[PDB]
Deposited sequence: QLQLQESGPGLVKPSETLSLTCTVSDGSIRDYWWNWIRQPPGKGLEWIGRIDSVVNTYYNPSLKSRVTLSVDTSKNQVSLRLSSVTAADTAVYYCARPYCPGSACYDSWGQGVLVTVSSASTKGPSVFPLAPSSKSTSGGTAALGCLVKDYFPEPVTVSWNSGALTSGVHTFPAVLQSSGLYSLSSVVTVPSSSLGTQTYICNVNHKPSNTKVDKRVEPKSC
């Protein structure tokens, strides 16, 4: 429905103010309202607040202290400014504008802008073995790196069947962490030199990690 030109930074440092905007192209900025929503990736929808053309504002009590909603009728835009941010404010933010093909209206949302909140500079991972124990699982924890992504392979690519590499998690620090795991026959434990090969290209880091039994 409405193309709504949602805009904002990919990355914001803690205790900065996170600011986002959306604009209208139908000339309507002096009327109707805007609702703001956000979604921590993989979690549910949290409503932030509303600003309307009575010029009332409505806020989520959890955020009201930190939230400013504004309309600049000159730039045909709404803005959301969220202050004193932490890594917990990492989310896809959405603006919602009513779409009215007639007398009835229903909300149309922006594309979504993912804002990552992190004070971190570019850092390569610390890799830790996840040591084993008919079959046993062994892996690696690829911890505390920024930004994404990491490549992780086993025995420099020689091992692939029965390998799971999981999607990364952003931690409270503002650094990502990830795991890879392999399922193998127990009898291989003293026989094969299982290795994680981890490449974090953003920091020019390559790490090779042996995963021997306990």
Relative to the deposited sequence numbered from 1, which residue ranges are unmodelled?
134 to 139, 221 to 222
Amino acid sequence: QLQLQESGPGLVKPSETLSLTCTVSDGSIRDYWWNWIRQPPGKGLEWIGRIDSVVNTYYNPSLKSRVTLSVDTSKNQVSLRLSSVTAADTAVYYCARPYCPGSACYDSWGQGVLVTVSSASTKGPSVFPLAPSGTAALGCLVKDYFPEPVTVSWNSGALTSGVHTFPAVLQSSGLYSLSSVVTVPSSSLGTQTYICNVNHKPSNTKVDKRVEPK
From here on, numbers count along this sequence of modelled residues.
Which wins on mean Cα temperature factor, 53 to 61 or 143 to 151?
143 to 151
Stretch with higher mean Cα temperature factor, 202 to 210 vs 15 to 23, is 202 to 210
Which of these has the highest Cα B-factor in the record: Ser70, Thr183, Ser179, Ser28?
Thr183
In this PDB entry, which of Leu45, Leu159, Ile48, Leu175 has the top CA B-factor?
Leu159
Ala131's Cα B-factor: lowest, middle or highest third of the chain?
highest
Of the three thirds of the chain ranked by Cα temperature factor, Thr90 occupies the lowest
Taking the chain's C-alpha temperature factors as the reference, tell me which third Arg38 falls into: lowest, middle or highest.
lowest
What third of the chain does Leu82 rank in for C-alpha temperature factor, lowest, middle or highest?
middle
Going by the entry, which third of its chain does the Cα temperature factor of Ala104 land in?
middle
